[PDB]
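> Sharing an experimental structure here, sequence included.
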Amino acid sequence: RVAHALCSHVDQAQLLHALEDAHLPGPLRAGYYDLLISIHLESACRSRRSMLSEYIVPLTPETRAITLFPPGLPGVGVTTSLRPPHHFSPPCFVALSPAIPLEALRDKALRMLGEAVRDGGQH
Amino acid sequence: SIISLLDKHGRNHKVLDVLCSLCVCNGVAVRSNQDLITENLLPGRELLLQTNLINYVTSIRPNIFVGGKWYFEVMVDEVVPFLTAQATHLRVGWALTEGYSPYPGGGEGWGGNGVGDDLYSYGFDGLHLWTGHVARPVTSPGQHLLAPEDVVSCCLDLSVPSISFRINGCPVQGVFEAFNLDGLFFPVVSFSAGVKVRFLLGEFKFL
Amino acid sequence: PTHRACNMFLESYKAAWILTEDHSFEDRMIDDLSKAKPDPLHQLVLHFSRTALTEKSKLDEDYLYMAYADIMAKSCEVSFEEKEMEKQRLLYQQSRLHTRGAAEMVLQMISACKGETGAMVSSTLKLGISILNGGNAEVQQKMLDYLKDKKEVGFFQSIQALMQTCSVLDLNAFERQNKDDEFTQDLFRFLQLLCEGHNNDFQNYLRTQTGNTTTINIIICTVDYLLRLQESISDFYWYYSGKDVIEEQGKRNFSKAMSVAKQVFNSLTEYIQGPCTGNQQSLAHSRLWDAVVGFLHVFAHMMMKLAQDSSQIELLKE
Amino acid sequence: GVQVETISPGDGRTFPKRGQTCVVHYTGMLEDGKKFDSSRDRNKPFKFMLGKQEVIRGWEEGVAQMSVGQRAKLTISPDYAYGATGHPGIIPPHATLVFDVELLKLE
Amino acid sequence: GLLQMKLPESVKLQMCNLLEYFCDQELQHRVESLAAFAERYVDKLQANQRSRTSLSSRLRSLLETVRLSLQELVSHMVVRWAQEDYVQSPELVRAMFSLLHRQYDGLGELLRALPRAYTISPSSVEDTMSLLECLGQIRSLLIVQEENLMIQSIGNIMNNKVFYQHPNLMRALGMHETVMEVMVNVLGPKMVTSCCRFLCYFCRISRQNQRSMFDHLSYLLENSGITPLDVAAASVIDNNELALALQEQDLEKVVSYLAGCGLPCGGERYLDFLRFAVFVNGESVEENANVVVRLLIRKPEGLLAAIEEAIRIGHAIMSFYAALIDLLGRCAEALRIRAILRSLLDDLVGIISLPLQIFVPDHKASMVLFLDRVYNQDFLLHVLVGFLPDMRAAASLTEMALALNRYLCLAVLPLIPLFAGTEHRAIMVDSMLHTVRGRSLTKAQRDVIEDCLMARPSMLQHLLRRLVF
C-alpha cells in the first residue's frame, strides 16, 4: 500500500525511460533500478526464493514423462514444480501488489544486456 | 519532528540516511512508521525532491520583432494531442527578447512557453492564457481546444498591450492589458509532437 | 497407494543404494583451488578465517564452511617403506593445507565455538584431525605461534567448556532406549593430535598457558572427562553385572564408549608420553589413580562376566 | 460542490449510464497541479463500472457528464474524494483533485 | 562472449548469482526427472506386489546416468576470479565458493536437496498451491497489522484439506518451525493464542511431526513460562515413545515455573502438563514418572480447609490443590518410593473430601484416580460417599445435567455395613434405570456385573430385589 504510493509518485514509465540512457548518472540510476525492483518485483521474488527452493512437484502428465539427459541445457520451460503465481493489481487511485509491464520489460532489460555486452566486450 | 528537522535544514542528506535507518531494523521493519514517513513526505510533496517528465517544447517566431497595431494569421494544419504521456504542447502568444529565452532543456515549473512575465500566451481547452505558466481560465465564447482546424489569430495594438487571441474568427474575450513595452514584441508559436501549422500570410484569411 | 507411495520411492532411492562411490573429486578439486600472489584456495582459507574472526557471541551454522571443511577433510617394510611413501603422500596432502595456514583458522573457529556443540564444530575438528594426523608438529608449532602471538585465552576455554560438557553414555538414556559420544571420541583424538610428535613446549603451554594472563590446564579437565565416563562405566557395571548377559545395542554402543574411552586414555598417553616431567607433576596432583581403580574394578569383574560366552568376547576384546 | 469541466467535446449524446464499464484515459494531479497518476503511464486504459461505488464520489458524478470520445477536466472536491482522511501515502487531506480524463468507450 | 570477459568484481557478484539460478534449475530438473523415473518404476512394482527382485538390474542402467562445456566453465571461471586478484568482499567470495561447491558435488547437493522435494497428486494441486501462497504469506511475515494477517493465515490453513491429506508434506514444509519462530518473536499481543492453538493442532495430526516439535519443546517451555504448554502436551501425550525421551530439564523448568504462584490458573496448567507428561496412552511409564516423582514435593516446600472453603462458595488456587491430586495420582526400587506418595495417605482424609463435594467435576475426576492408583471390602463400605452425586443423578431432567456422562465414567472407576451397601447398590440400580456416552453406559453395565463379582451378600440381593422390580 506504500508501494502504490510510490507508484503515484515516481511512475513506472518514468523509470522505464530511465532504463535507457548512459547519460543518466550512475548512482541515481542505481536507485531507479533498485526501486524498480523494489516497488514491484521484490515481493514476488521474495517469496519466490523460498518457493523455488522447496522443489515440491505434482503428478501432471508432463511430470511423469519429463525425462532429461542428452548423451546438456538448463532453462527449459517444462519443469513446473509448483510455485504460486504472483498476483499484481495495478495502483488504481480510485477508493495490494502493484502491477508492472511484463514481457515489455524483459525485452527492455534484455536489450540493456545486449547493449551491455556489445560494448563491454570491446571495453 | 525529524521530517520537520529536515525541513528546517533544507537539503541535508544525512537526515535521509537517518530516515532510511528509521525505516528498517536489523532486518525486520516497522511498516507503520514508514507509511507515516510517506504520508508525511509523499503527500507533502515539497520537502523531498521530486520528479517527472515532459516532452520537448519548441517555440516558433516570424523573423520580425515589433516596437502601429499589427495582425497575423496562424492556421492549425495538424494536432496530435495525446501521443506520449504528455498532452501535446502548442501554446501561441506574444513575447520579447529578455524575459523569455526558451531553452528546451528544462527551467521553470515543467515547461517552456507561457512561463515568462515578459511573454503572453494562449492554447488548449477553454482557450485562455498562460503568464508565469499560470493557467488563468478565461472561458472562450464557445469553445474547443486546439485541433487541425482553427485559424487562430492574433492582434496587438501599439503602445497598449491589449492582446486578445481569436479562435478562427471568434475572439477570446477580453484578455491582456497594461504591460511594459521593454524591447520589441514578436509573435510566437510553441509546439510539441508531430504537429504542423500554416501561415496564410504570403494568402490572408480573417483580418 | 500410487502417489502416496511415490514419495516412499523417493526416500527409498535416497538411501544407501544411491549413496554413491564418486568421491575422488575432492582432491582434484583441492588442486583446482591451488593451480595459479595468493592462491584461490588460500583465498578460501582467509575467507573462512575472516568468517571466524568476527564476533557473533554464538556462531553461524554456515553450512558452507563445514562443507569445505569436509572437502579439505578429504585427504586420506610393506608395513614400513610402503607406509612411508603413503605417509609422505599424506604429508603432501597435509602440507598442502598447511601452506594455507588453515590450522590457524580452524583453531579460530574452534575458539569461536565457545559453548557450542554444533555440527559444524565437528566438521572443524574433523578438519583438524585431517591436518594434524601423523603427528604433524609443524602444524602444531605454527598453531602454537598463533597461540602465543595472539594469546587468545579463549581457545583453550573453548575446548574446556566443551570438554567440561561434551557427551557421555550415562545410563538412564539406555533405560529409556529399549522399545554424541562419537564426537567426544573424535574430539579428544583431535586433542591427541595436538600433542603428537611430542611437543612438550606445546603440552606445557596447554598445562599453564603462559603467554596469556589467564591460565588453564586442559588436561586436568580431560582427566575429569575420563572420570565421568568412567563413572558411566561403573554404573554400567552395577546394572549389567546382575543380569550377566547383555543385549545387543547396549553392547555395541557401550563398546563404542570403550572406543571413546580408549581414545581418551590414548590421548593421555600422548600427553605424558614424552619426557614431560612437569605434566607428570600435574598428574601427581591429578586424581588419576582412582581413575585407574575404577577401571580396574569394573573390568576385573566384567571381563569375567563376558567370559561366560564366546558371543560376549567380541567386546571383551575391546 | 463538484465543478467538472469539459475539455474536448465528444458525440455529445451517450453519457455513461448504470452498470456500464467506462473505458478512459486520464491523469491525476493535485490542486498544486503535481501529478499523482496517469493512465498513460501504464499506457493501458482504465475501466470502471458506473454505480459500483468503486470510485471516488466525484469521479462517479463527473464522468457521468462525459460523452463518448470526449475529453474532460475534473475538478472534484475532496469531500467527494479521499477527503479529510486523505489518501494514505498519496493525496493530502482536503485536496481538490484535478483530472484530464478522456473517455474512449462505454462498455 | 560475456562471462569470459573480464570485469570488476562487483559485477562478478551479480553474475554468479545469475548463474546460481542456473544450477538451481538443474537441480530442479534433476529432481523432476527423478520423479518421472519414480512414476515409471512403480508400475511393475505393483505387478509383482499383486503377483503374491531380479528385474532391478535394468534400473542400474539408468541409475549411474543420474550423476551429471557448462558446469566446467563455471568452475574454471570461478577459479579465474580467484586467481588474478586477492579479492575481498567476503560476501562475494562466499557466494563464489558456494557456487563452486554447487558445482563439485551436485550429488550430495541433491541429497540435501531431497527432503524438501515431495510428490503430490494432480487432483489436489489447487489447494496445495494456494497453501503455498499462504505459507508464503507467513513467510512474508517472517520479517516483521502484526496481530491479524498472521491469523488470516492461520484460518486459511485450517481450511485446507491438504493439511489432513498430506502430512508428510506439512512436515516437509518446516513451517511449524516458522510459525514457532513467529511465536518466539512475539514473546520477546492477543492474536498469539489462536496461533498457538494452530500450531498445536498442527502438531496433533502425526507422530512424524509430533517428534519434530517434540524436539523443540524445551525451547517452547522457556516460552511457556508466560498457551504454549498446550502445544507441549499435544506434542507429548500421543506418543509414548518420545515421551520416554523427554528431558528432566523440561520438567525442572516446569516446576521452576511453579515458584511465586500462590501469593493459580497458570500453576494448575503446569500441573496439567505434568498430568499429561506421564499417563499417556496406557499405564504411565515407570521411567518418566519416577523422575517426576523425585522432584514433586520440592516446590510446595490444612490444605483440606482450602478445599472445602472453596466447595462452599477465589476459584484458582482450589483447582491447583485439586489438579495436584490427580497429578500425584497418575504417577506411581519403584515399590520404595511409590510408597512415599502415600506419605507425601498424604491425602487420605482428603479422599473423604470427595464425599463432601456434591468447578465440581475436576475435584471427583482428580481424587478418584488418585485413589484407584494407590488403594478391604469394609473400607469400601466406608467409602459408600460417592453415592451423594448418584442422589444428584435425577436432577438433570444447569452446570450439572450434562456432567452426568463424565460421572458415568467416574462411577465405573472404583471397581478396584451391609444394608448401606443395599442402598448405594440401589443408586447403581438407578443408574440401570438410566440404562432402561451410551456405550460408556454399557461400561457401567460392566460396573454392575463387576459389582456382582466384587462381593452381608444378601443386602446386595435386596438392592437386586429393588433391581428385580
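Sure, I can see it. Numbers count the residues shown, from 1 in each chain, chains lettered A, B, ... in the order given.

> Report whether stretch E:147-165 contacts chain B.
No: counting by C-beta under 8 Å from any C-beta of the partner chain, chain B is not contacted by stretch E:147-165; separation bottoms out at 11.0 Å. Heads up, the C-betas are built off the backbone N, CA and C, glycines and all.

> Can you show me the helices along chain A?
Counting by DSSP state H, one finds helices in chain A at the ranges A:2-10, A:12-18, A:26-36, A:42-54, A:103-120.

> Equivalent analysis for the stretch 1-150 of chain E, please.
Secondary structure of the stretch 1-150 of chain E (DSSP state H, counting those that start in this stretch): helices at E:9-50, E:57-63, E:71-83, E:90-104, E:106-113, E:125-140, E:149-159.

> my guess is residue D:86 contacts residue B:39, does it?
Yes: contact criterion C-beta atoms under 8 Å: residue D:86 and residue B:39 qualify, at 7.3 Å.

> The two: who's more crowded?
Neighbours were tallied for residue D:86 and for residue B:39 using other C-beta atoms under 10 Å in any protein chain shown; the higher tally belongs to residue B:39 (20 against 17).

> in which helix or strand would I find that one?
helix B:31-41 (DSSP states H and E).

> got the buried residues for the next helix or strand after that helix?
Going down the chain from helix B:31-41, the next helix or strand is strand B:70-75, by DSSP H and E. Neighbour-count burial for strand B:70-75 flags B:72-75 (criterion: 16 or more other C-beta atoms under 10 Å in any protein chain shown).

> Which member of those is positioned nearest residue C:277?
residue B:74 (113.8 Å; C-beta to C-beta).

> give me the beta-bridge partners of that closest one?
residue B:152 (DSSP bridges).

> isn't it right up against residue B:155?
No: when contacts are counted by C-beta under 8 Å, residue B:74 is not listed as touching residue B:155 (11.7 Å).

> Output the contacting helices and strands for the host helix or strand of residue C:219.
Using DSSP H and E, residue C:219 maps to helix C:218-240. Counting contacts by 3 or more C-beta pairs under 8 Å, 6 or more residues apart in numbering or on different chains; DSSP states H and E, helix C:218-240 is packed against helix C:154-165, helix C:181-195, helix C:200-208, helix C:249-272, helix C:277-284, helix C:288-306.

> Contact residues of chain D facing chain E?
So chain D never meets chain E (C-beta under 8 Å from any C-beta).

> ok and the residue in chain D nearest chain A?
residue D:89 (2.9 Å; C-beta to the nearest C-beta).

> State the helix or strand in which that residue lies.
Going by DSSP H and E, residue D:89 is not in any helix or strand.

> gap between it and residue E:307?
Using C-beta to C-beta, to the nearest Å, we find residue D:89 at a distance of 61 Å from residue E:307.

> The closest residue to chain D within the stretch 101-250 of chain E: neighbouring residues, count only.
In the stretch 101-250 of chain E, the residue that lies nearest chain D is residue E:145 (13.2 Å; C-beta to the nearest C-beta). Neighbour count for residue E:145, taken as other C-beta under 10 Å: 9.

> Backbone torsions only: list them for residue B:165.
For residue B:165, the backbone dihedrals are phi -80, psi 150 (criterion: degrees, to the nearest 10).

> Show me which residues of chain A are close to chain B?
Residues of chain A lying near chain B (C-beta under 8 Å from any C-beta): A:1-2, A:5-6, A:8-11, A:13-14, A:17.

> so which of those residues comes closest to chain C?
residue A:2 (32.0 Å).

> returning to what we had before: between the helices of chain A, which gets nearest to residue E:253?
helix A:42-54 (33.0 Å).

> Any residue of that closest one touching chain E?
Yes: Helix A:42-54 reaches chain E (C-beta under 8 Å from any C-beta) through A:43, A:46-47, A:50-54.

> Pull out the buried residues from those.
A:43, A:46-47, A:50-52, A:54.

> Could you export the residues you listed as a markdown table, including distance to residue A:77?
Shown next, in a markdown table, are these (distance: C-beta to C-beta, whole Å):
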| residue | distance to residue A:77 |
| --- | --- |
| A:43 | 23 |
| A:46 | 23 |
| A:47 | 21 |
| A:50 | 21 |
| A:51 | 17 |
| A:52 | 15 |
| A:54 | 19 |
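
> Could you single out the nearest of the residues you listed to chain C?
residue A:54 (14.2 Å).

> List the residues that contact the residue of chain B at minimum distance from chain E.
Among the residues of chain B, residue B:28 lies closest to chain E, at 4.9 Å counting by C-beta to the nearest C-beta. Residue B:28 makes contact with E:143-144, according to C-beta atoms under 8 Å, 6 or more residues apart in numbering or on different chains.

> now it: how far from residue B:164?
Taken as C-beta to C-beta, the span from residue B:28 to residue B:164 is 64 Å.

> Over to residue E:27?
Residue E:27 is 76 Å from residue B:164, by C-beta to C-beta.

> can you check residue E:37 too?
Distance from residue E:37 to residue B:164, by C-beta to C-beta: 86 Å.

> Looking at those two, which one has more neighbours?
Using other C-beta under 10 Å as the criterion, residue E:37 and residue B:164 rank with residue E:37 on top: 21 against 17.

> Contacts for stretch C:233-243, please.
Counting by C-beta under 8 Å, 6+ apart, C:169-171, C:246, C:250, C:254, C:257, C:261, C:294-295, C:297-298, C:301-302, C:305 sit against stretch C:233-243.
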